[PDB]
């Protein structure tokens, strides 16, 4: 939804962005060679129960089925929306952890959840009835030590993302972002995903000076999906969720949420110093 | 903005779409071989004056320059946002006419405006101010008798769009629409454009939502009753890649020199299904 947010709904979000940010920070100490990808789900699982946040990915619809996990764990050639699973990570692996968390909410009647060991394992929609403030935010991680293949892939996806941001300046068109993102990644061989066309969201591609003019108070998210070479994407036939690349290439993806603001864009989902993680 | 609406707010658009449709029908007679394309503008200009309807595309902001015309007269291998101009229409040319018009609007000083002469050649930005309700809708035209290559191009886009509409039923997602649009055209090795959704087409516009003509059958807003959306497939023979004019910064053109075509409607998400707000007949027939 495009219509602007009042400063409290903004504040709301930075605090969920605070939280989100911290899971990502806990994750560094955990995404390593030999560990069961599944520890990722459990960590967010665990940390949601401790500080009373909702994993709002649990219960969302699908042609096939609703989304079972709190987390999406897209590994390597998996682009996005893959599941977390029993899998021992490897040195060299590239792993992406998207999630959307809502809170922090207190506790009370059949309205305000205590939210502990209700069965995160099962198909309850307190979730689709929204938890006030939230944040999607995917962040990528090289498990162990990465090929140059990877290191490079990741840097571009990253700077690409932050270059989009750079253009998120008041009095300017969304066109000017996707444009920017497009150019950067695309001017190095890397192909950008289009088939997912990314609460509102900006696409990673477009003709510059050719979109919605940006206002103060809009909160947007930038979610670059870049591939080695080629950009076409599958949709898991069996679950209608996971997306792998088509040419076998790798895909990376970084993602924040910001506010348009005289003085320029301001990030809510920041894990500290930008470009240093 | 991608929210819901009012009930009379819906109304305004149908009434504002009643008018744009009428133009489009008017044009059927107009668009013959031997006719100067510029007529399409002057005509539209003309009818915009006779009822108070502002042509909102004039003054919409842009880089190299603001859009200066009531219409876009895209032509053959031009896919979108090309100017009307003096071109004398060869038999077999494929011409796509896009417009945005707001109103109708009553008259006078500080209570609703008069519109005979603003000089429609000026820096006339009343246009950039919610000018009541309105309607965007491109439509495609064959000048004279159209090749087989063209006949199909026009027919496949026309249908693909209506196939999109079919999906716009309360409780589907936007994905479902764009997917099925994508599929239909792509199944005859037609190309579908992606490089521009102006995501929300605030280009040649102000604010209104835009479903994209490609996607996955999940990845978008589940669509509730009361949403009003436009839909507009640019299709190409062959390549979906697109120019953008360097001199003026508007006109988009197929990369390989193929032909492109575009149709467009808007509609409300009612609970009978979707009710098309910009109709100029019974559907499939025009």
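Chains as they are written, first to last, in the authors' numbering: chain B, 1 to 198, 208 to 286; chain A, 1 to 286.
The beta carbon of each residue, even a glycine, is placed where N, CA and C say it ideally should be.
- prompt: Per DSSP, what kind of secondary structure is residue 30/A in: helix, strand or coil?
  reply: helix
- prompt: Can you find a CB in chain B that lies within less than 9 Å of the CB of residue 133/A?
  reply: no
- prompt: Among 245/A, 101/A and 76/A, which residue has its Cα nearest to the Cα of residue 90/A?
  reply: 76/A
query: Any beta-carbon of chain B closer than 9 Å to the one on residue 3/A?
result: yes
field: residue 258/A and residue 168/A closer than 9 Å at C-beta
entry: no
task: May I ask you to report which of helix, strand or coil DSSP gives residue 172/A?
output: strand
message: With the cut-off set at 9 Å, would you say residue 80/A and residue 227/A are in Cβ contact?
response: no
query: Taking just the CA atoms, how far does residue 214/A sit from residue 179/A?
result: 5 Å
- prompt: Can you find a CB in chain A that lies within less than 9 Å of the CB of residue 100/B?
  reply: no
task: Look at the alpha carbon of residue 201/B and the alpha carbon of residue 115/B, and state the distance between them as a whole number of angstroms.
output: Since the model of chain B includes 198 and then 208 but nothing between them, residue 201/B has no atomic positions to report.
- request: Kindly indicate which three-state DSSP category residue 58/B falls into: helix, strand or coil?
  value: coil
task: Could you tell me whether the Cβ of residue 63/B comes closer than 9 Å to any Cβ of chain D?
output: In the displayed structure, chain D is absent; the protein chains listed are B and A.
- prompt: Comparing the C-beta of residue 201/A with each C-beta of chain B, is any distance below 9 Å?
  reply: yes
message: Please identify, using Cβ separations under 7 Å, the residues of the stretch 229-253 of chain B that lie next to chain A, in order along the chain.
response: 244 and 249
message: Please state whether the Cβ-Cβ distance between residue 164/A and residue 211/A is less than 9 Å.
response: yes
Of the residues 270/B, 110/B, 5/B and 250/B, the one placed nearest residue 172/B, counting alpha carbons only: 270/B
task: Could you check which residue in 206/A, 7/A, 242/A and 25/A has the C-alpha nearest to that of residue 126/A?
output: 206/A
message: Going by DSSP in three states, residue 102/B sits in which element: helix, strand or coil?
response: strand
- prompt: Quick one: is residue 56/A near chain B, going by C-beta distance under 9 Å?
  reply: no
- request: Work out the CA separation of residue 244/A and residue 181/B for me, nearest whole Å.
  value: 17 Å
message: With a threshold of 6 Å on Cβ separation, who are the neighbours of residue 174/B within its own chain once the five nearest residues in sequence on each side are excluded?
response: 211, 220 and 221
- prompt: What three-state label does DSSP hand residue 46/B in the structure shown?
  reply: helix
query: Cα-Cα, which of 184/B, 62/B, 40/B and 10/B is closest to residue 246/B?
result: 62/B
message: According to DSSP, simplified to helix, strand and coil, what is residue 236/B?
response: strand
message: If we require 3 or more residues per run, which beta strand (DSSP E) segments fall completely within the stretch 117-164 of chain A?
response: 134-136 and 139-142
query: Counting contacts by CB-CB distance shorter than 9 Å, is residue 91/A in contact with chain B?
result: no
- prompt: Under three-state DSSP, which class holds residue 87/B?
  reply: coil
- prompt: Sorted by chain position, which residues of the same chain lie with C-beta nearer than 8 Å to residue 319/A's C-beta, five sequence neighbours on each side aside?
  reply: Shown here, chain A extends from 1 to 286; a query on residue 319/A therefore has no answer.
query: Considering only C-alpha positions, which residue in the set 104/A, 64/A and 58/A is nearest to residue 84/A?
result: 58/A
- request: Determine, using beta-carbon pairs with one atom in the stretch 188-203 of chain A and one in the stretch 92-106 of chain A, whether at least three such pairs fall under 8 Å.
  value: no
field: chain B contacts made by the stretch 183-198 of chain A, where a contact means CB separation under 9 Å
entry: 194, 195, 196, 197 and 198
- request: Assign residue 123/B to one of two classes, buried (16 or more other C-beta atoms within 10 Å of its C-beta) or exposed (fewer than that).
  value: exposed
task: Could you tell me how far apart the beta carbons of residue 193/B and residue 250/B are, in whole angstroms, since I believe they sit closer than 8 Å?
output: Rounded, the Cβ-Cβ distance is 15 Å, inconsistent with contact.
message: Is the separation between the beta-carbon of residue 264/B and that of residue 138/B shorter than 9 Å?
response: yes
field: Neighbour list for residue 212/A in chain B, Cβ cutoff strictly below 8 Å
entry: 197
query: To the nearest angstrom, how far is it from the Cα of residue 303/A to the Cα of residue 261/A?
result: Because chain A spans 1 through 286 in this model, residue 303/A falls outside it and cannot be assessed.
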